[PDB]
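Asker: My questions all concern the structure below.
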Amino acid sequence: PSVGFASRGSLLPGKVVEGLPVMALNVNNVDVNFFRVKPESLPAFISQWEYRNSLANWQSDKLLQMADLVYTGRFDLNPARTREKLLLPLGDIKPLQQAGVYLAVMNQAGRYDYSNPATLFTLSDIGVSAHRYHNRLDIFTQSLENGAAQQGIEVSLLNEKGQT
Amino acid sequence: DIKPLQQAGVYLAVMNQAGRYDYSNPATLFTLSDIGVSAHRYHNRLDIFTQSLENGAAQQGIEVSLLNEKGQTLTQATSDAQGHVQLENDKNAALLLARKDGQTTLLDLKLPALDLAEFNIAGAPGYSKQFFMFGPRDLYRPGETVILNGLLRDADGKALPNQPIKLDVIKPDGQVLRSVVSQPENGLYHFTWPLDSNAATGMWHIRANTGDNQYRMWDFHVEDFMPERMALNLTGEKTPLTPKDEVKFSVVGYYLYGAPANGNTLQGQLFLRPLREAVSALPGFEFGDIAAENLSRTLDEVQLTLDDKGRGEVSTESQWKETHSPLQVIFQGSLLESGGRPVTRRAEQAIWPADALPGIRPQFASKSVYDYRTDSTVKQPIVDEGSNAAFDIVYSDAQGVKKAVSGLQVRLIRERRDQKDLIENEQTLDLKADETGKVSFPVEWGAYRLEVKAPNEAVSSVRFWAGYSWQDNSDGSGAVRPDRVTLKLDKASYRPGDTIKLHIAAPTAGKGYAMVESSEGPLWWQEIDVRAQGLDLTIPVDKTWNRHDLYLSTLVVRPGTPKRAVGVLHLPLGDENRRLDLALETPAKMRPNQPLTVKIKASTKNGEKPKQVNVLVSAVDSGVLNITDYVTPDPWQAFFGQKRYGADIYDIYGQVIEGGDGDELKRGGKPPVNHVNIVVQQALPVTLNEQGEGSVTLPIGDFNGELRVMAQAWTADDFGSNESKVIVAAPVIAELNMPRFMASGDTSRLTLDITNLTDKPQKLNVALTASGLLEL
Amino acid sequence: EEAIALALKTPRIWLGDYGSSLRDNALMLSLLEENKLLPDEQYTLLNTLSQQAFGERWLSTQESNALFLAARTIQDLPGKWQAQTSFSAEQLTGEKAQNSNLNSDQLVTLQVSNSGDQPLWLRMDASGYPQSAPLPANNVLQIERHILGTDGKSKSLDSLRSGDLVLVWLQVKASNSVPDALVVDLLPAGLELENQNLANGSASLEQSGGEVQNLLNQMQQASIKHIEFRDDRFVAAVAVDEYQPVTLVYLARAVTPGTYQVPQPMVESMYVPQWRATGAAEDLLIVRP
Amino acid sequence: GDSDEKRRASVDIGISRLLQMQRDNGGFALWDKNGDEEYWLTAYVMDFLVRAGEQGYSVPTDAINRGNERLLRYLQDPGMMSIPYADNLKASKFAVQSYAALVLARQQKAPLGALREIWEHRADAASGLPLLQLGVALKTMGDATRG
Ligand SMILES: [Cl-]
Ligand SMILES: [Cl-]
Ligand SMILES: [Cl-]
């Protein structure tokens, strides 16, 4: 009688998307809520979130105060009684196609629990590989799947306060 | 537009903000239905009355799902004009539900029944065969013989066959001392047994079992008392004083042997206390400012001497002239003997800041909540945090009649947790005469106080806490109180041959029912209409109604939500021809060590046939009877007096949505013997002759005081009771006042009062000597 | 035999042995029983255990374990008993505990013999006034008395006048639980109790005790079985323990003028009469006219 | 620490709060004016409030007088003190009276008769502090020898 995020990763590719992987057992309908993290003071969010598997109800007030809700989507599944993992169609969600780091908090339709499965993610087929030195930093932009789209102007380097 | 919610069953709505995650989310239990049931619970059955909200009284009722503690339906059927239902009642019954597909109405028996505190539904619970337990007194000393008499009759005071009644003697600890099987002698039960000298002190009782296994109690005190030798009367004023008035108490003291308390000292205490329960006609309604300071004080210590007539006056100037709350002055007066032993009594004087005051009654329960600021658990009216708090507000006089007023300052104050009292909300209330104002305020958390101020400056306030309830609830402290329907009757008493004419004066119009009830069920199952401002209706009193627990009831509803109102009134069937005119002829004054003669004369107008009248004569010292203000046992009031209302009313109009032995004395030491004299006499039951005449001679010993002559009379249905006061006094009284005991090596100033009660001057010599463990 | 004899004379993480006096006394009992040695010492430990279990608020798992193992075999024996006594020409027999009241003639010549085939258990409790007033003493229990005026101040026991109301304050303490403490406060002959059970004919404790509300609140918290307002004494049946001292307050009146001896306040256990205390000796009580 | 402005504002808040814990007899309770009296803490808070006055803070005159009246009851009447949880009741009573004595003496309000009678029970002390407080009180009120 459970359903949770299986990958627990920070980046899903824009290409070969297949949404977010979720492992479920006897759960037919799942209500997932998506929140776009405020671009300003984003390092303060990552340090508070610490890339968790679930979200506590009391600690949610401080963390979700720097993230705005964009969509409230329920998803239809068909398991009756094996703990098979499945996809999540995200391609039809227009606000998620916009820039920014997102947080998905899923729960069973009419279930009320202490903690609900949550994950921090970004939908992108871009793969950077930075190199840190005593004075400078050289970044190498690329692309996932067949292709190495190297062009890189788009480099937002933010400090501890959360300013580029 | 929600199709699954249009189906039968009880629902629960849990709401939350789209993407919010909190510890608790708002939730409510509800049922969508325009059906309004009103059940009536009885000892064996349960009669339910189905109806409808808005304009319409759709009475048809087949749809009655009565579920038990497990959750299984027991019975479901239909009956009577337009619709009604009669079902079998269970001791552990829990639910009641309405309709299969046409909506659902929830009514649970677990919730408290409607509070009928404003109605006179009080009386004896003896709806079954009546057993009147009586004796000459209710106060005994350890080592005394307890005297108890009894007469067994049916529900209508008629004689029944000779049956044994099992009597148990119960101790204050609840343990039985002795069990007997009482057999009657000439229709009279008589139980006598001696209290041990090592007997426990407190409230003892004799419990009787007629066979119904529903015990009949006879309470008696067992205490180390001293009979009073003086009478003390402390009188204030019936009508409350204004805050400017001086408080005055009139004192009267006299020796019960018939002489004033001339020169006797009266020591006492004057106290100022708040008068929160200022209107007895409105039980539960609080009056005055609970936030007001210095309302509980010790005013003065009273020290005075009574005049030659045994008279005095106690007064204190007002020190609460600017009060906005009703107060009371209590005088705890002690009239002292020449030896120092007092006769203490209390008198209270009501003080009202105006002629009419505002009163508040919370509609929510009072639960025992611990307060660490006072380090003591105290029961206080509590309501759930984030919920509305309901209150009944009335502008009443001392008598209870609600007066018309406009401009009541209804203010919701939030009391400081850890600056000053924060005024949360303000209101303006207009009241009509005989109208109960109903205010509801949205409450957050912590300490709160609801205050109402009248234009005459009179302030009334009630404190209430907002938070959690960890069970520990007061037995039905949050019960629904219905609006009152003043019911009026044409005659003071009715009989099987009479016809009752009842005037139903409801606050507004409304359909429902009008009936006559008993503890076994109703007798006038239906009557439905009410129109305009009042309704005079005829009720034919039936001949088979042979009981005195019979009451009348009405119910009215009107939509704007459909406000419900209830009316209840006792139906008197006690006939005056069933009472014996018992006359007692005793001398007003008599001498000690002489026999007292009581001349009995039983009669009744038109009839005048006192056929084989039995009389039980007794004589007890008044100083014994005054300690517990003992009432002479009346057999007529016992068998025919107003019995309690045998029904319980349940309705859903309050939940409609709007928008070893002697071992302790051995360890302490053998107590000294107290040689006080208890003057109690009970002669055998005599038979009055053809004329209804008879005489009883009671031997009176060395007693100086007042004696109460008491008599009880009976036949098969005729009952009588009378009393007379006989002063027993010598020409010259010589009485010694001494401590209750003395210890070895003590010195006591004894006092001997020599009183000349002759019209002639007396010259006497008093020769004193001491024997035993006493020396002069 | 030297070690065993020394053990039964030796009294009792901290020590690390998870022990207590109660536990150790029950384990020592089982050891003696198990090894069928010193049966007279077994009976001594059994009586000592009965009083310690009675005076213990809560028992640890090891205490109840040890107590159960030491007493599981005593109820497995029949309750039948036979005795030949000094106060009976006929033999006394029963299947349960049968009490027999005795007077001073019987008690001074009291002799009991076992005429049974099993051991009999006897309990003898004798009570009465001593020839002279003993000195204040205390064991397990403690009692103190103080008299206040209705103004909440200490009352000057000389400046007492006929008619005065006084508040008599008792404080009872205990070094262990006393579930059945009996407080007997014998009155001076000049003081009469304001019988609270007969409210109409007496002064109210509630009304006259507003200046000692702390004491009334403390008294409301006490576990009181009953309170008796007798002619010569105030009596209270209460439960007391080390973490919960008992406060009692009663209203009395100065009645007969005179000079009175003041009896000391007393408290004792019904089950363990050795748990007893007599409070400090007071000055004579003078009631003025 | 605090700024001088914050520190002074906090003392004023504390005084007004403490005054709401003063009972009708002048003694102080733990949280409310209706709670049970706290004997040692009444001397403690009275010490605080008198010293607060010498340090430039306002305390109402009626509250100080009521407090001092109650401290005088402690010197005169140790017998009415209910301290049921005290292991050494006489030592507790002695610490209360000695503290009460110092607070009144620092205001020249401690009667020498009462101080001399507390001094007769000096053997009841379980610490040096109550004796040093009583000593300063006796010296201040005029008995330099016993002081
Ligand atoms: Cl007198
Ligand atoms: Cl074993
Ligand atoms: Cl016992």
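All Cβ positions, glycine included, derive from the backbone under ideal geometry; neighbour counts span all protein chains shown. Every read-out reported here was derived from the displayed coordinates using simple, explicitly stated rules and does not represent laboratory data.
Yes/no matrix, rows are residues, columns are (1) aromatic (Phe, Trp, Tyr); (2) within 31 Å of the chain's Cα centre (by Cα); (3) exposed (fewer than 13 other Cβ atoms within 10 Å of the Cβ):
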site: B:36; (1), (2), (3): no, no, no
site: B:42; (1), (2), (3): yes, yes, no
site: B:65; (1), (2), (3): no, no, no
site: B:75; (1), (2), (3): no, no, no
site: B:80; (1), (2), (3): no, no, no
site: B:86; (1), (2), (3): no, no, no
site: B:89; (1), (2), (3): no, yes, no
site: B:105; (1), (2), (3): no, no, no
site: B:115; (1), (2), (3): no, yes, no
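Asker: Report, ordered by the first and then the second residue, all pairs with beta carbons closer than 7 Å, sequence separation of six or more or different chains, a first member in segment B:657-684 that is more than 8 Å from every other protein chain (Cβ to nearest Cβ), and a second member that is within 16 Å of ligand 1 (Cβ to nearest atom).
Answerer: B:676/B:226
Asker: Quick check, is residue B:328 away from ligand 3 (no atom under 16 Å from the Cβ), closer than 21 Å to residue B:239 by Cα and among the polar types (S, T, N, Q)?
Answerer: Yes: the conditions hold for residue B:328.
Asker: A follow-up question, please. Say whether the condition of being outside any helix (DSSP H, G or I), within 16 Å of ligand 2 (Cβ to nearest atom) and either loosely packed, with under 13 Cβ neighbours inside 10 Å or not hydroxyl-bearing (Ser, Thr, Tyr) (or both) is met by at least one residue in segment C:62-72.
Answerer: Yes: segment C:62-72 contains one or more residues that are outside any helix (DSSP H, G or I), within 16 Å of ligand 2 (Cβ to nearest atom) and either loosely packed, with under 13 Cβ neighbours inside 10 Å or not hydroxyl-bearing (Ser, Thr, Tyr) (or both).
Asker: Looking for whichever is of a type in the set (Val, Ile, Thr), under 17 Å from the mean Cα position of the chain (by Cα) and more than 16 Å from ligand 1 (Cβ to nearest atom) here; the options are C:147, C:143. Which one fits?
Answerer: From the options C:147, C:143, the qualifying one is C:143.
Asker: Can you pull out the residues in segment B:610-648 that are out of contact with any strand residue (DSSP E or B) (no Cβ under 6 Å at 6 or more places or on another chain), among the hydrophobic types (A, V, I, L, M, F, W, C) and away from every other protein chain (no Cβ under 14 Å)?
Answerer: Of everything in segment B:610-648, just one residue is out of contact with any strand residue (DSSP E or B) (no Cβ under 6 Å at 6 or more places or on another chain), among the hydrophobic types (A, V, I, L, M, F, W, C) and away from every other protein chain (no Cβ under 14 Å), namely B:640.
Asker: Please list, ordered by residue number, the strands (runs of 3 or more DSSP E) wholly in segment B:475-590 having 2 or more residues that are over 31 Å from the mean Cα position of the chain (by Cα) and closer than 30 Å to residue B:603 by Cα.
Answerer: Ranges flagged: B:581-585.
Asker: Here's another thing I want to ask about it. Taking the conditions exactly as written (at negative phi, touching an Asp or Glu at 6+ places or on another chain (Cβ under 8 Å), among the β-branched types (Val, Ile, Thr) and not in a loop (DSSP other than H, G, I, E, B)), does residue B:754 satisfy them or not?
Answerer: Spelling it out, it is not the case that residue B:754 is at negative phi, touching an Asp or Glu at 6+ places or on another chain (Cβ under 8 Å), among the β-branched types (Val, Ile, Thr) and not in a loop (DSSP other than H, G, I, E, B).
Asker: Being under 22 Å from residue D:54 (Cβ atoms) and surrounded by 14 or more Cβ atoms within 10 Å (Cβ to Cβ) is the filter here; which residues of segment D:112-136 pass it?
Answerer: Once the filter is applied, which keeps residues that are under 22 Å from residue D:54 (Cβ atoms) and surrounded by 14 or more Cβ atoms within 10 Å (Cβ to Cβ), segment D:112-136 yields D:115, D:133, D:134, D:135, D:136.
Conditions tested, residue by residue: (1) closer than 24 Å to residue D:126 by Cβ; (2) surrounded by fewer than 21 Cβ atoms within 10 Å (Cβ to Cβ).
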site	(1), (2)
D:60	no, yes
D:63	no, yes
D:69	no, yes
D:77	yes, yes
D:86	yes, yes
D:89	yes, yes
D:92	yes, yes
D:100	yes, no
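Asker: For segment B:317-393, which strands (runs of 3 or more DSSP E) that fit wholly inside it have 3 or more residues that are within 14 Å of another protein chain (Cβ to nearest Cβ) and either over 21 Å from residue B:275 (Cα atoms) or in contact with a strand residue (DSSP E or B) (Cβ under 9 Å, 6 or more places away or on another chain) (or both)?
Answerer: By residue number, B:327-336, B:342-351, B:366-371, B:376-384.
Asker: Please determine whether any residue of segment B:302-314 is of a type in the set (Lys, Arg) and either under 30 Å from residue B:739 (Cβ atoms) or not in a strand (DSSP E or B) (or both).
Answerer: yes
Yes/no per residue for (1) basic (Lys, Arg); (2) part of a loop (DSSP other than H, G, I, E, B); (3) within 16 Å of ligand 3 (Cβ to nearest atom):
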position: C:240; (1), (2), (3): no, no, no
position: C:250; (1), (2), (3): no, no, no
position: C:256; (1), (2), (3): no, yes, no
position: C:268; (1), (2), (3): no, no, yes
position: C:271; (1), (2), (3): no, yes, yes
position: C:274; (1), (2), (3): no, yes, yes
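Asker: Among the residues in segment B:399-416, are any under 29 Å from the mean Cα position of the chain (by Cα), surrounded by fewer than 19 Cβ atoms within 10 Å (Cβ to Cβ) and within 27 Å of residue B:474 (Cα to Cα)?
Answerer: Checked against the condition, which is being under 29 Å from the mean Cα position of the chain (by Cα), surrounded by fewer than 19 Cβ atoms within 10 Å (Cβ to Cβ) and within 27 Å of residue B:474 (Cα to Cα), segment B:399-416 yields at least one hit.
Asker: Oh, and also: Answer yes if at least one residue in segment B:8-28 is in a strand (DSSP E or B), hydroxyl-bearing (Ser, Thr, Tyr) and more than 24 Å from residue B:479 (Cα to Cα), and no otherwise.
Answerer: Checked segment B:8-28: no residue is in a strand (DSSP E or B), hydroxyl-bearing (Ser, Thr, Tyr) and more than 24 Å from residue B:479 (Cα to Cα).
Asker: Do we have any residue at all in segment B:306-323 that's closer than 30 Å to residue B:390 by Cβ, among the polar types (S, T, N, Q) and surrounded by 21 or more Cβ atoms within 10 Å (Cβ to Cβ)?
Answerer: Scanning segment B:306-323, I find at least one residue that is closer than 30 Å to residue B:390 by Cβ, among the polar types (S, T, N, Q) and surrounded by 21 or more Cβ atoms within 10 Å (Cβ to Cβ), so the answer is yes.
Asker: I need the full set of residues from segment C:228-248 which are under 23 Å from residue C:202 (Cα atoms) and either surrounded by fewer than 18 Cβ atoms within 10 Å (Cβ to Cβ) or facing another protein chain (nearest Cβ under 9 Å) (or both), in order please.
Answerer: Selection gives C:228, C:229, C:230, C:231, C:232, C:233, C:235, C:237, C:247.
Asker: Which residues, counting only those in segment C:15-41, are of a type in the set (S, T, N, Q), within 16 Å of ligand 2 (Cβ to nearest atom) and surrounded by 17 or more Cβ atoms within 10 Å (Cβ to Cβ)?
Answerer: C:25, C:30
Asker: Further question on the same structure: Output the qualifying pairs, or none if there are none: Cβ atoms under 8 angstrom, residues six or more apart or on different chains, first residue in segment C:239-262 and under 25 Å from residue C:196 (Cα atoms), second residue of a type in the set (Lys, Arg) and within 16 Å of ligand 3 (Cβ to nearest atom).
Answerer: Here the result reads C:239/C:225, each pair linking segment C:239-262 to a residue that is of a type in the set (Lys, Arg) and within 16 Å of ligand 3 (Cβ to nearest atom).
Asker: Can you find a residue in segment C:96-107 that is more than 16 Å from ligand 1 (Cβ to nearest atom), away from chain B (no Cβ under 14 Å) and in a helix (DSSP H, G or I)?
Answerer: Yes, segment C:96-107 contains a residue that is more than 16 Å from ligand 1 (Cβ to nearest atom), away from chain B (no Cβ under 14 Å) and in a helix (DSSP H, G or I).
Asker: Just need a number here: residues in segment B:526-550 that are surrounded by fewer than 17 Cβ atoms within 10 Å (Cβ to Cβ) and among the hydrophobic types (A, V, I, L, M, F, W, C).
Answerer: Residues in segment B:526-550 being surrounded by fewer than 17 Cβ atoms within 10 Å (Cβ to Cβ) and among the hydrophobic types (A, V, I, L, M, F, W, C): 3 in total.
Asker: Name the residue that is surrounded by the fewest Cβ atoms within 10 Å (Cβ to Cβ), counting only residues in segment B:731-744 that are within 42 Å of the chain's Cα centre (by Cα) and part of a loop (DSSP other than H, G, I, E, B).
Answerer: B:741
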